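Only one chain is shown below, in structure tokens, and it's the form deposited in one PDB entry.
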């Protein structure tokens, strides 16, 4: 296992080249007038896309060192995208700008740690100013406006998002399904979602969405860790002869069992998904029992006496539809007795009335809200199936954007919020010259994305950036109409969470990369 080691400036230069390649591939798509990029496929028909997430996913460098740098930048950008629902290309552009400026500063002879601390101070102040500039959208009218704007100025999508948001609640869960009719409708069904995802990425069967979807799947509920397969041969073969998919909810699935599941999924004879149980300790067991009473099944506990071998088909829980993502799952319209759910929620209410501490009180309140609020599913309608799928994807994107907005408000989009906060912080200073240099690096990097957008528009980035900086408030430059004005009023905005998350992960990866000292990677 011989490995190649690069020390000092060599590794940093290789990382700079890798991140430069990744950001040059991704940033061309930034902005409303984003350049097309061609991703060649093995089949023979290349796919032309204008979204940075796919370009980042396809990018992988031949050189090991540059590949490592691009991979870490892509990882932090994907973290930002998953946390916020958008902002891969913005985070990548910010990261590239900070890396370039910080590596130039390091080559001058300044302390990388002081530069990193200055960058962190600058981005913390920028986040504070951005939060100050955020415009809340708690009211339903602004929710509808944000939903409409996010869905490329479509009023029906915004109306659907607003109605569902009001129906389930501000923190509720909303799922999108294709409707059988032309008219679109929404309804509230029993279900819940939790903060656990799929154990193996190979379980995905919908590469376009990057999520696992099952139609009327059985649900297995066992708190015992599964490592042997012989314990689950009977239930697995019962599910197979039934023909329905299986969802495995357990404390942890690993060892030969996980390998058996993944190879069976690859062979496609039986579709099965394994999901780690939510929480830990007795709270995990309580959540598992809540899922069991929601889906009509029963948990399998080694302490009580029932075993996986003796578990039968009717013992497994049943749901109408489940969705598994990398971070969170979802159960939609899980079939279960109404009386059982009412009894369980009454028991949880009794427990919260008898709750002693405040932490367990909040935990029980969150659990009861999850159990009783349910999931609101929206059925999108269209004339044809192609329009149906397009509108479903558009509605999902609008839903993500609106959830981010209602979580953290909205700020002027098009990359002018970063310009505003940079102009505000122009007078910020640190406790050392190197920290001041890092702060200036961060401010210029925050200026960069608007420059990239306007360059994609073909105009001069410097003049437009200076004109935007001269203004105040939500005043900015629109890329589509090639003219200035208030970005919020004229329909260009993004949720504050997206910008904040992109800036924060860009700063974090920049701090990690600037202070990177050496590398360890395998020989070519």
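Under this definition, the rigid core comprises the largest set of C-alpha atoms superposing within 1.5 Å between the forms. Numbering follows the first chain given and starts at 1.
Keep in mind that the form deposited in another entry is not shown, yet the notes after this line are about it.
Q: With the core superposed, find the residue in 107, 132, 393, 313 that moves its CA 2 Å or more between the shown form and the other one.
A: Single residue meeting the criterion: 313.
Q: Following rigid core alignment, is the displacement of the residue 361 C-alpha between the shown form and the other one equal to or greater than 2 angstroms?
A: Residue 361: C-alpha displaced by 2 Å or more between the shown form and the other one.
Q: Superpose on the rigid core, then tell me if the C-alpha of residue 443 is displaced by 2 angstroms or more between the shown form and the other one.
A: Comparing the forms between the shown form and the other one, which are aligned on their rigid core, residue 443 does not shift its C-alpha by 2 Å or more.
Q: Compare the position of the CA of residue 379 between the shown form and the other one after a rigid core fit and state whether the shift reaches 2 Å.
A: No; residue 379 is a residue whose C-alpha shifts by less than 2 Å between the shown form and the other one when the cores are overlaid.
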